[PDB]
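Below is one structure, written out as structure tokens, with a few remarks after it.
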Amino acid sequence: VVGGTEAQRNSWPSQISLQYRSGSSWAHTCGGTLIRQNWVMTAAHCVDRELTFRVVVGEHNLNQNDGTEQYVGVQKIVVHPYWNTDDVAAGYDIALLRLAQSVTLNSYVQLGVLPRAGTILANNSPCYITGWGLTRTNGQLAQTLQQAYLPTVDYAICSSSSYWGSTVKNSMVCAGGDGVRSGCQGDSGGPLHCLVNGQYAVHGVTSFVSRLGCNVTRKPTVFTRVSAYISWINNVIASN
Ligand SMILES: *C(=O)[C@@H](C(C)C)[C@H]1[C@H](NS(C)(=O)=O)CCN1C(=O)/C=C/CN1CCCCC1
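Residue numbers (the authors' numbering): 16 to 255.
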């Protein structure tokens with residue numbers, strides 16, 4: 016997250032760190048949202064690789080013991096069937112991960128609430144992106160979880176020529192684009208938390224940014240629109 020602030024450790028308990036095995040260690044690669052004690056929602060682009068993954072819940076600092084973490088392996092991965100790795104702009108950037116064990120819930124570990132199917136936010140709706148992604152374009156990952164306020168940019172504005180044009184589809188949510196704040200590499204797969212009727216819900220799964228950089232004016236961060244996938248998510252959890 017570029018231009019973020021450190022999140023309080025109990026503000027976003029559904030946020031998880033998705034990591035892969037690298038040598039004798041684990042490397043953070045993406046964010047994700049805990050949706051069931053044994054299921055995590057992330058981006059397809061985070062797991063369409065030949066790696067061994069684990070999820071860390073109750074994670075605040077990737078490099079220090081927080082004393083609240085639960086480390087769990089990923090048992091099964093279900094990527095959206097229309098996903099195409101070399102065509103993120105087509106959409107379908109979503110995947111569900113079934114965990115090897117069910118995690119224990121507490122103030123640092125909670126299920127993320129998803130919007131009702133079809134829900135679209137009004138332009139400039141208040142949301143926060145969270146994650147450990149780069150803190151600057153071509154920079155380095157954050158050690159502590161960061162958050163940045165990114166109000167939404169509706170489909171009509173987002174798909175206009177000075178914004179993203181037709182690269183953005185109606186199955187996506189755009190947010191930010193102020194040139195200072197944004198998601199960045201390593202934030203992909205994580206949540207876009209939006210406040211609606213007093214409660215935060217995860218309306219987006221971080222998917223992509225501009226080729227020019229993370230925080231680019233009029234190139235808001237783009238997310239898979241969760242509300243376009245409620246039936247898909249329900250179908251997967253039920254058949255697995
Ligand atoms: C996730 O971290 C994203 C954004 C949110 C930073 C990032 C990831 N790239 S990487 C180097 O961490 O593997 C996954 C894809 N991604 C992108 O920004 C992809 C952008 C690609 N463009 C191609 C042109 C059409 C729009 C998307």
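We put the beta carbon where it would ideally sit given N, CA and C, even for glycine.
Check, Outcome
"Segment contact, 8 Å Cβ cut-off, at least three pairs: the stretch 65-80 with the stretch 174-194", "no"
"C199 CB to nearest heavy atom of ligand 1 below 7 Å", "yes"
"Spatial neighbours of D202 in its chain, beta-carbon cut-off 7 Å, leaving aside the 5 residues before and after", "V16, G46, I144, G146, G148 and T221"
"Straight-line Cα distance separating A22 from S29", "13 Å"
"Cβ shell of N78 (< 8 Å), same chain only, five flanking positions each side left out", "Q158"
"Through-space distance from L114 to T57, alpha-carbon basis", "13 Å"
"Any alpha helix (DSSP H) of 4 or more consecutive residues that is wholly inside the stretch 161-201", "170-173"
"Range of the contiguous beta strand (DSSP E) that encloses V211", "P206 to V211"
"Supposed contact pair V87 and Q116 - C-beta distance, whole angstroms, cut 8 Å", "5 Å"
"Length of the line joining the Cα atoms of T167 and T239", "13 Å"
"Environment of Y97 [buried if 16+ CB atoms lie within 10 Å]", "exposed"
"For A163, the nearest candidate out of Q155, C209 and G154 (CA to CA)", "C209"
"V195, buried or exposed, once every other Cβ within 10 Å from all chains shown has been counted against 16", "exposed"
"Cβ-heavy atom distance, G180 to ligand 1, below 7 Å", "no"
"beta-carbon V211 near ligand 1 non-hydrogen atom, thresh 7 Å", "no"
"Of the listed residues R24, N255 and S242, nearest to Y123 (C-alpha basis)", "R24"
"Local conformation of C229 per DSSP, three classes", "coil"
"Spatial distance of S175 from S140 (CA atoms)", "18 Å"
"Every unbroken alpha helix (DSSP H) within the stretch 90-163, with a cutoff of 4 residues, ordered by chain", "none"
"Separation of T150 from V211, as counted between CA atoms", "27 Å"
"Cβ-heavy atom distance, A104 to ligand 1, below 7 Å", "yes"
"CA nearest to the CA of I109, picked from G127, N255 and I245", "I245"
"Continuous beta strand (DSSP E) assignments of at least 3 residues falling wholly in the stretch 40-69", "40-51 and 54-57"
"Neighbourhood of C199 by C-beta, 6 Å cutoff - its chain only, sequence neighbours within 5 removed", "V17, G148, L149 and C229"
"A22 - containing alpha helix (DSSP H), residue span", "No alpha helix (DSSP H) contains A22, which DSSP labels as neither H nor E."
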